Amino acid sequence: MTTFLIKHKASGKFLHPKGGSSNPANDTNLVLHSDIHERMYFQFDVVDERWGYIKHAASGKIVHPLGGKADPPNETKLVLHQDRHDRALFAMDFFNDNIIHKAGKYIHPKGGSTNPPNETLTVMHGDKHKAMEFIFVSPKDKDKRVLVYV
């Protein structure tokens, strides 16, 4: 099961549960932060071809739009939650370098900066540009891309 870091391409910061817990509470926000440690490692659980659950490795909780909205509007915050259902399905587009939700919007840093400060929230947004690009890299070498689908 590949373990990887979700690296914001423009800044080199990574996706974290806010606070960096090895067992974040349900609805903990997902933020960007420069630190690397085992509590910001992720896995991907395939459900249906490209679609699956982005899983926080330390806790097992997965990435949700807050409230579990089926078609989340722009600026809906991303959180971790233990529930599994179809409204938490994403795809890890390692060719265009983005993360897309089942209803078609992407994970962004809130406000869309190419250099978001530590603790910047992540949100859903439909726009496509350099500041929403992410790559999926080895915990052993933050420049080495790894295949999240195996």
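In case it trips you up, residue 1 is the first one in the sequence shown, and so on. Superpose the two forms; the largest set of C-alphas matching within 1.5 Å is the rigid core.
Divergent stretch in 6 other deposited structures of this protein, 63 to 71 or 98 to 106 [C-alpha RMS, superposed by the core]: Between 98 to 106 and 63 to 71, greater C-alpha deviation in 6 other deposited structures of this protein belongs to 63 to 71.
Stretch exceeding the other in mean C-alpha B-factor - 31 to 39, 113 to 121: If you average the C-alpha B-factors of 31 to 39 and of 113 to 121, the larger mean comes out for 113 to 121.
Higher-scoring stretch by recorded Cα B factor average, 1 to 9 or 141 to 149: Per the PDB entry, the higher value belongs to 1 to 9.
Deposited CA B-factor, highest of 68, 52, 104, 60: That would be 68.
Third of the chain's Cα B-factor distribution that residue 96 belongs to, per the entry: For residue 96, the deposited C-alpha B-factor lands in the lowest third.
Position of residue 83 among the chain's modelled residues by C-alpha B-factor, lowest, middle or highest third: CA B-factor rank for residue 83: highest third.
Residue 16 by Cα B-factor - lowest, middle or highest third of the modelled chain: Its C-alpha B-factor, which the entry lists for residue 16, ranks in the lowest third among residues of this chain.
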